[PDB]
Every structure is written in structure tokens, then in C-alpha cells.
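**Q** Dumping the structure here so I can ask a few things about it.
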Amino acid sequence: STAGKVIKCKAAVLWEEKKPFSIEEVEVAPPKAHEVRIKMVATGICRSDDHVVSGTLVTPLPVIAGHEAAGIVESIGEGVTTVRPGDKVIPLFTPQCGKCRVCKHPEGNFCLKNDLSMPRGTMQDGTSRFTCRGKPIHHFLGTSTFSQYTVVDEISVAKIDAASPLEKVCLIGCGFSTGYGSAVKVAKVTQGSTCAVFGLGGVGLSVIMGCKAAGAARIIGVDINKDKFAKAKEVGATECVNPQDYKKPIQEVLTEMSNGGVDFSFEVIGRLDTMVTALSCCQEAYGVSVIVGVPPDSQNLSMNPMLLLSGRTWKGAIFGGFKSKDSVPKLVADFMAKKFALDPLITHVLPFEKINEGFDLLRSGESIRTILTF
Ligand SMILES: [Zn+2]
Ligand SMILES: [Zn+2]
């Protein structure tokens with residue numbers, strides 16, 4: 001089977017709060033008006049995900065998790081100009097409604113049309129295309145990438161590159177154009193600079209990964225993890241510090257190295273400490289620091305007004321600060337084009353079904369990124 005009539009399929013239900021994954025069987029309707037059913041091929045275990053499995057990210061339950069994947073279209077409502085079958089795709093966790101103050105503004109990618117602001121679990125009509133054979137499961141962001149078939153609107157879906165290794169191009173979804181993009185469309189990084197990177201996993205190497213893009217020269221990468229450095233220097237890292245080495249604030253052993261501090265820095269750790277700790281190790285005249293990741297489960301952070309006044313910039317961005325329908329694609333190509341490769345992020349490739357020994361290697365450290373193959 002294939003269709004214009006509900007489908008077979010075994011999506012995985014997240015039956016409520018840090019209870020593993022129910023690798024159930026479900027019933028997805030055919031794509032309503034203006035929507036697009038996609039037959040997945042691959043997905044990643046982003047942590048953003050973990051946060052629902054955990055109370056941390058509030059979003060309605062039951063819900064199909066996953067937002068980081070690469071599909072192959074398979075049905076398309078009436079109204080859809082933008083995609084057509086057999087077409088490869090990247091579901092988009094950030095809309096692209098091509099018009100709302102942010103969509104029509106030159107730095108506005110958080111489309112006034114997402115679920116992040118207030119998770120509703122639905123679909124843009126306030127309705128959900130998924131039954132638990134008997135109960136309506138809710139949606140996630142607008143992807144619910146964790147099923148073998150999903151229904152995403154059109155504002156939330158991007159056509160990648162016809163011979164795009166659907167395997168690899170999944171990453172271009174969170175992990176990698178979030179890291180890499182901070183470095184590139186946000187902290188407008190400059191040729192020359194000294195760039196610091198706080199966190200040496202999946203998103204930071206993607207971030208260390210776009211500096212070098214941005215322009216160049218010095219990309220220190222701090223990780224108190226003697227292991228994350230190979231890979232580190234492996235993807236563009238000019239050097240590697242471990243805050244454990246030294247008997248002084250790292251905020252200091254950095255200001256040294258740059259001679260008053262790295263030009264640009266980035267916390268891809270999401271720690272409430274390391275966040276104040278890098279507004280800090282940047283030049284106070286003109287230095288700029290962007291907050292990448294941020295646990296939904298958090299206290300503010302303690303902080304000195306005084307780090308902003310010397311004249312320094314604190315930014316932040318969702319989805320590498322990139323406007324997405326218009327970008328996932330430029331971005332593949334560049335992968336296609338050669339520009340940047342994706343493997344050192346890919347530490348694990350698995351039969352989708354071990355979603356949970358999957359979400360394991362995630363929790364007990366061990367792996368950078370991992371592709372749950374469908
Ligand atoms: Zn994510
Ligand atoms: Zn918009």
C-alpha cells in the first residue's frame with residue numbers, strides 16, 4: 001500500500017512522561033488540504049526530543065516525538081505548488097509562512113506560526129492526522145518525525161536535492177544548521193577573528209564548523225572532555241583547551257590567548273553557568289556572544305549587568321538564525337557542492353526500532369549524533 005486513503009504504519013508513541021518509546025502501530029490519514037504526507041527514510045535523536053520524554057519541554061501528550069529527519073514525499077493535497085512525489089524533503093521544525101512580521105523581516109526566522117512558543121500538539125488547522133489505532137495522538141512542532149509516515153503542512157516542509165543521501169541530510173535539520181548557522185547568519189563571524197566554542201559535541205563542531213566557514217583564523221574550542229578534541233580539531237578546530245587543565249578561571253585563560261579575548265564565542269553546552277561564562281571571555285568593547293542551546297528546564301542565570309555595558313553583544317538563535325524554506329536547500333547543495341562534510345557528527349546508524357537503545361547512547365553520553373534509519 002500507498003494512497004489517498006489512511007495508511008499501515010508503526011510510528012512510535014511517547015505515551016507520557018519518561019516512559020520509554022512505545023513502538024506502536026498507527027493510523028495516519030491521507031494529507032488534508034494544503035498538507036503533504038512523507039514516508040521517512042531517516043531521523044536523528046536530537047536532545048530536544050529527550051526534553052519531552054522528560055517534563056522539561058512542555059508539549060501536549062500523547063505526541064509523536066522527533067523533528068530531525070529526511071523524508072521522501074508520497075501524497076500531496078490540492079493547493080500544493082511547492083513539492084510533488086518521489087521528491088526528497090526535510091520536514092521543518094520552524095515554519096516559513098512567507099509572511100508575518102518575522103517572515104517578511106530581514107532577521108526573523110521564528111515564524112509567528114510555530115509550536116515552540118505554545119505547544120498545541122495539533123497541525124495548522126487545530127487537528128491531528130494520527131490515530132492510536134483508536135486515540136488521537138498529538139503532533140510535535142509540526143514534524144512528528146518519529147513515525148514511518150507523517151503529515152506536515154507546506155509552510156513546515158522543504159524540498160532538498162534529488163540525490164541527497166537522505167541518510168546524512170537529516171542533520172541539516174537541527175544538530176548541524178543550528179551549530180554551524182550560529183557561527184554563520186547570527187554572530188556574523190568575520191575573516192580574521194578569534195572564536196571560542198563552549199561545548200564540543202554535535203552542535204558545537206557544527207558551530208566550529210561554520211566559523212571556518214565564516215572567515216577564519218583562530219577557533220579555540222573548549223571542552224573539559226579529553227575526547228571531543230580529535231573530532232574537534234578534525235572539523236576546523238585551530239586549537240583545544242579543557243577547563244580542567246589550569247588553576248584559574250577559564251574565563252581568564254582565554255582572555256590571555258586572544259590577548260583580551262576571543263572576538264566571538266558560543267555556549268553549545270546549554271549550562272546556566274557556561275552561559276554567563278562566555279559573555280565574559282569575549283572583548284568588552286566590541287565582542288559578541290550567542291546562546292545556542294537552552295534547557296527548557298531552567299532557572300535564569302546570575303549575571304552582571306556590567307558585562308554588557310563595556311559595550312558587548314549577547315544574541316541568541318533558533319535554527320541557525322536561518323530563514324528555512326529558503327535555506328535548508330541552499331544548505332544541502334553546499335553539502336552536495338562539497339563545501340562542508342557531515343560524517344564526524346554521525347557517530348551511530350541504527351534500525352529505527354531501537355529508538356530506545358537509541359535514546360540511550362544519547363543519555364549516557366557515548367555518542368555525538370545518531371541516525372535512526374527507517
Ligand atoms: Zn533539535
Ligand atoms: Zn512567518
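To be explicit about the labels: the chains of the C-alpha cells are called A, B, and onward in the order shown, and within each one the residues are counted from 1, while ligands get numbers from 1 in the order they are shown.
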Find the spatial neighbours of region 161-165 of chain A, counting only C-alpha atoms, within a cut-off of 7 Å - ignore same-chain residues fewer than 5 positions away - and output them as a ChimeraX atom specification.

**A** /A:87-88,332-333

**Q** With a distance cut-off of 12 Å and only C-alpha atoms, select the neighbouring residues of residue 98 (chain A), excluding the residue or stretch itself and same-chain residues fewer than 5 positions from it, and output the selection as a short mmCIF file (atom, residue, chain, number, x, y, z; two decimals) with N, CA and C atoms, in the first residue's frame.

**A**
```
data_model
loop_
_atom_site.label_atom_id
_atom_site.label_comp_id
_atom_site.auth_asym_id
_atom_site.auth_seq_id
_atom_site.Cartn_x
_atom_site.Cartn_y
_atom_site.Cartn_z
N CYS A 103 8.54 37.00 9.19
CA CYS A 103 8.80 36.28 7.95
C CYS A 103 9.13 37.19 6.82
N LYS A 104 8.52 38.31 6.88
CA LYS A 104 8.82 39.34 5.96
C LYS A 104 9.99 40.18 6.64
N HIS A 105 10.50 39.93 7.83
CA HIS A 105 11.65 40.81 8.29
C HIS A 105 13.03 40.22 8.06
N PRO A 106 13.98 41.09 7.73
CA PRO A 106 15.33 40.63 7.41
C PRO A 106 16.00 39.84 8.47
N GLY A 108 14.44 37.26 11.09
CA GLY A 108 13.16 36.78 11.66
C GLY A 108 13.06 35.43 10.90
N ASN A 109 13.19 34.38 11.66
CA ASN A 109 13.05 33.02 11.14
C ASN A 109 12.04 32.35 12.10
N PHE A 110 11.94 32.77 13.30
CA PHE A 110 10.99 32.21 14.27
C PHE A 110 9.66 32.77 13.65
N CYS A 111 9.08 31.96 12.77
CA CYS A 111 7.83 32.32 12.10
C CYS A 111 6.70 32.28 13.12
N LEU A 112 5.99 33.39 13.30
CA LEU A 112 4.88 33.62 14.19
C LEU A 112 3.87 32.44 14.21
N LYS A 113 4.22 31.42 13.49
CA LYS A 113 3.48 30.22 13.22
C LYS A 113 3.96 28.90 13.71
N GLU A 154 2.72 22.69 4.57
CA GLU A 154 3.62 23.18 3.47
C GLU A 154 4.58 24.26 3.99
N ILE A 155 4.11 25.22 4.78
CA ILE A 155 4.94 26.26 5.43
C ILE A 155 5.95 25.39 6.16
N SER A 156 5.57 24.35 6.89
CA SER A 156 6.58 23.45 7.53
C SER A 156 7.23 22.35 6.73
N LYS A 323 16.44 31.55 7.76
CA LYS A 323 15.00 31.55 7.31
C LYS A 323 15.02 30.20 6.53
N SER A 324 14.33 29.15 6.93
CA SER A 324 14.30 27.79 6.47
C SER A 324 13.73 27.20 5.22
N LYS A 325 12.61 27.64 4.67
CA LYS A 325 12.14 27.01 3.43
C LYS A 325 13.25 27.37 2.39
N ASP A 326 13.57 28.66 2.45
CA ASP A 326 14.52 29.35 1.61
C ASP A 326 15.96 28.85 1.89
#
```

**Q** Could you give me the residues within 7 Å of ligand 1, counting only C-alpha atoms and all ligand atoms, as a PyMOL selection string?

**A** chain A and resi 46-49+67-68+174-175

**Q** As a ChimeraX atom specification, please: the residues near residue 132 (chain A) (cut-off 8 Å, only C-alpha atoms, same-chain neighbours under 6 positions excluded).

**A** /A:25-27

**Q** So that I have them on file, write out the residues from the current selection with C-alpha atoms, as a PDB file, in the first residue's frame.

**A**
```pdb
ATOM      1  CA  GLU A  25       1.147   0.840  15.100  1.00  0.00           C
ATOM      2  CA  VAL A  26      -0.822   3.711  13.828  1.00  0.00           C
ATOM      3  CA  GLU A  27      -3.172   5.221  11.566  1.00  0.00           C
TER       4      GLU A  27
END
```

**Q** Select, from A:15, A:140, A:180, A:322, the residue with the minimum atom-to-atom distance to residue 107 (chain A), counting only C-alpha atoms.

**A** A:322

**Q** Name the residues in contact with residue 346 (chain A) at a cut-off of 6 Å, using only C-alpha atoms, excluding same-chain residues fewer than 2 positions from it; report them as a ChimeraX atom specification.

**A** /A:343-344,348,369-370

**Q** Write out as number ranges by chain each polymer residue whose atoms come within 7 Å of residue 270 (chain A), counting only C-alpha atoms; drop sequence neighbours fewer than 4 positions from it.

**A** A: 293-295

**Q** Could you give me, as a list in words, the residues within 12 Å of residue 7 (chain A), counting only C-alpha atoms and dropping anything in the same chain fewer than 4 positions from it?

**A**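 Non-adjacent residues within range: residues 1, 2, 3, 11, 25, 26, 27, 28, 29, 30, 31, 37, 38, 39, 74, 75, 129, 130, 131, 133, 147, 148, 149, 150 and 151 of chain A.
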
**Q** Deliver the residues from the most recent selection as a file, using N, CA, C and O atoms, as an mmCIF file, in the first residue's frame.

**A**
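Saved as result-v5.cif:
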```cif
data_model
loop_
_atom_site.group_PDB
_atom_site.id
_atom_site.type_symbol
_atom_site.label_atom_id
_atom_site.label_comp_id
_atom_site.auth_asym_id
_atom_site.auth_seq_id
_atom_site.Cartn_x
_atom_site.Cartn_y
_atom_site.Cartn_z
ATOM 1 N N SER A 1 0.783 -1.218 0.000
ATOM 2 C CA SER A 1 0.000 0.000 0.000
ATOM 3 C C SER A 1 0.823 1.280 0.000
ATOM 4 O O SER A 1 1.915 1.339 0.591
ATOM 5 N N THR A 2 0.106 2.150 -0.720
ATOM 6 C CA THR A 2 0.332 3.585 -0.901
ATOM 7 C C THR A 2 -1.038 4.267 -1.076
ATOM 8 O O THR A 2 -2.088 3.608 -1.062
ATOM 9 N N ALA A 3 -1.172 5.604 -1.255
ATOM 10 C CA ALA A 3 -2.584 6.062 -1.152
ATOM 11 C C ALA A 3 -3.095 7.410 -1.715
ATOM 12 O O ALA A 3 -2.546 7.942 -2.693
ATOM 13 N N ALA A 11 4.425 4.122 13.699
ATOM 14 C CA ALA A 11 5.063 5.311 14.315
ATOM 15 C C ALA A 11 5.398 4.807 15.784
ATOM 16 O O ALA A 11 4.938 3.669 16.013
ATOM 17 N N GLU A 25 1.676 0.971 16.450
ATOM 18 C CA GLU A 25 1.147 0.840 15.100
ATOM 19 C C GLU A 25 0.032 1.874 15.104
ATOM 20 O O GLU A 25 -0.753 1.951 16.034
ATOM 21 N N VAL A 26 0.123 2.612 14.012
ATOM 22 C CA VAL A 26 -0.822 3.711 13.828
ATOM 23 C C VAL A 26 -1.381 3.965 12.434
ATOM 24 O O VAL A 26 -0.993 3.508 11.378
ATOM 25 N N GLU A 27 -2.339 4.825 12.650
ATOM 26 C CA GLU A 27 -3.172 5.221 11.566
ATOM 27 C C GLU A 27 -3.224 6.689 11.326
ATOM 28 O O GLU A 27 -3.950 7.539 11.917
ATOM 29 N N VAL A 28 -2.412 7.011 10.304
ATOM 30 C CA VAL A 28 -2.192 8.303 9.743
ATOM 31 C C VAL A 28 -3.164 8.749 8.696
ATOM 32 O O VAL A 28 -2.983 8.028 7.618
ATOM 33 N N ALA A 29 -4.009 9.700 8.691
ATOM 34 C CA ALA A 29 -4.781 9.988 7.496
ATOM 35 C C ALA A 29 -3.930 10.409 6.313
ATOM 36 O O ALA A 29 -2.769 10.831 6.414
ATOM 37 N N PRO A 30 -4.556 10.357 5.138
ATOM 38 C CA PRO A 30 -4.023 10.897 3.884
ATOM 39 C C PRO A 30 -4.025 12.469 4.184
ATOM 40 O O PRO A 30 -4.889 12.934 5.006
ATOM 41 N N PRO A 31 -3.152 13.174 3.477
ATOM 42 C CA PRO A 31 -2.915 14.588 3.569
ATOM 43 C C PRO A 31 -4.058 15.492 3.258
ATOM 44 O O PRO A 31 -4.341 15.504 2.118
ATOM 45 N N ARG A 37 1.857 14.185 2.794
ATOM 46 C CA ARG A 37 2.374 13.006 3.590
ATOM 47 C C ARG A 37 3.751 12.654 3.104
ATOM 48 O O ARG A 37 3.938 12.763 1.885
ATOM 49 N N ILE A 38 4.638 12.284 4.007
ATOM 50 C CA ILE A 38 6.019 11.927 3.731
ATOM 51 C C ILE A 38 6.314 10.541 4.304
ATOM 52 O O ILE A 38 5.844 10.293 5.473
ATOM 53 N N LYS A 39 7.043 9.741 3.560
ATOM 54 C CA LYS A 39 7.434 8.394 4.043
ATOM 55 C C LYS A 39 8.852 8.628 4.548
ATOM 56 O O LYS A 39 9.703 8.796 3.600
ATOM 57 N N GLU A 74 5.152 11.433 -0.551
ATOM 58 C CA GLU A 74 4.305 10.328 -1.023
ATOM 59 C C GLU A 74 2.837 10.717 -1.222
ATOM 60 O O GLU A 74 2.068 9.813 -1.598
ATOM 61 N N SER A 75 2.412 11.932 -1.061
ATOM 62 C CA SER A 75 0.921 12.225 -1.355
ATOM 63 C C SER A 75 0.838 13.725 -1.339
ATOM 64 O O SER A 75 1.851 14.176 -0.755
ATOM 65 N N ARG A 129 -3.862 14.493 12.279
ATOM 66 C CA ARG A 129 -3.694 13.413 11.363
ATOM 67 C C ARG A 129 -3.117 12.147 11.930
ATOM 68 O O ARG A 129 -2.495 11.385 11.124
ATOM 69 N N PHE A 130 -3.213 11.779 13.191
ATOM 70 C CA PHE A 130 -2.631 10.491 13.719
ATOM 71 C C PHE A 130 -3.579 9.762 14.699
ATOM 72 O O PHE A 130 -3.891 10.367 15.770
ATOM 73 N N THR A 131 -4.042 8.540 14.480
ATOM 74 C CA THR A 131 -4.882 7.875 15.491
ATOM 75 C C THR A 131 -4.068 6.741 16.128
ATOM 76 O O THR A 131 -3.227 6.195 15.408
ATOM 77 N N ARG A 133 -4.510 3.857 16.823
ATOM 78 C CA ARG A 133 -5.385 2.942 16.175
ATOM 79 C C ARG A 133 -6.807 3.339 16.573
ATOM 80 O O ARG A 133 -7.732 3.157 15.775
ATOM 81 N N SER A 147 7.725 8.608 13.255
ATOM 82 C CA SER A 147 6.807 7.634 12.688
ATOM 83 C C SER A 147 7.313 7.262 11.293
ATOM 84 O O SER A 147 8.052 8.099 10.744
ATOM 85 N N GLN A 148 6.899 6.128 10.754
ATOM 86 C CA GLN A 148 7.429 5.875 9.352
ATOM 87 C C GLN A 148 6.630 6.669 8.304
ATOM 88 O O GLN A 148 7.039 6.586 7.116
ATOM 89 N N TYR A 149 5.632 7.433 8.638
ATOM 90 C CA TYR A 149 4.876 8.240 7.712
ATOM 91 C C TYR A 149 4.387 9.482 8.424
ATOM 92 O O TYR A 149 3.892 9.203 9.572
ATOM 93 N N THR A 150 4.472 10.680 7.867
ATOM 94 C CA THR A 150 3.914 11.788 8.724
ATOM 95 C C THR A 150 3.181 12.788 7.858
ATOM 96 O O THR A 150 3.375 12.606 6.639
ATOM 97 N N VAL A 151 2.467 13.699 8.424
ATOM 98 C CA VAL A 151 1.740 14.728 7.680
ATOM 99 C C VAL A 151 2.090 16.086 8.332
ATOM 100 O O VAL A 151 1.780 16.408 9.526
#
```

**Q** Pick the closest to residue 188 (chain A) from A:73, A:313, A:302, A:167: which is it, counting only C-alpha atoms?

**A**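 That would be A:313, the residue with the smallest distance to residue 188 (chain A).
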
**Q** Could you state the separation of CA of residue 353 (chain A) and CA of residue 374 (chain A) in Å, given to one decimal place?

**A** 8.3 Å

**Q** With distances taken over only C-alpha atoms and all ligand atoms, which of A:224, A:97, A:272, A:216 is nearest to ligand 2?

**A**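 Closest candidate: A:97.
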
**Q** Neighbouring residues of region 274-284 of chain A were defined as those with any atom within 12 Å, considering only C-alpha atoms; residues of the same chain fewer than 6 positions away were excluded. Please report them as a VMD selection string.

**A** chain A and resid 193 to 199 220 222 to 224 243 249 to 268 290 to 295 300 to 316

**Q** Write down as number ranges by chain the residues belonging to region 65-290 of chain A that are assigned alpha helix (DSSP H) by DSSP computed on the backbone.

**A** A: 101-104, 175-181, 202-214, 229-234, 250-253, 255-258, 272-276

**Q** List every residue of region 104-244 of chain A that DSSP, applied to the backbone, labels as strand (DSSP E or B), and write the result as a PyMOL selection string.

**A** chain A and resi 130-132+135-136+138+149-153+157-159+194-195+198+218-222+239-241

**Q** Using CA of residue 124 (chain A) and CA of residue 153 (chain A) as the two end points, give the distance in Å to one decimal.

**A** 7.1 Å

**Q** So, counting only C-alpha atoms and all ligand atoms, which residue among A:5, A:114, A:233, A:365 is closest to ligand 2?

**A** A:114

**Q** Please indicate the distance in Å from CA of residue 17 (chain A) to CA of residue 53 (chain A), rounded to one decimal place.

**A** 5.4 Å

**Q** Smallest atom-to-atom distance to ligand 2: which of A:186, A:41, A:102, A:221, using only C-alpha atoms and all ligand atoms?

**A**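 Of A:186, A:41, A:102, A:221, the one nearest ligand 2, counting only C-alpha atoms and all ligand atoms, is A:102.
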
**Q** Please determine, counting only C-alpha atoms, which residue among A:40, A:118, A:145, A:189 has the shortest atom-to-atom distance to residue 215 (chain A).

**A**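 Using only C-alpha atoms, residue 215 (chain A) sits closest to A:189.
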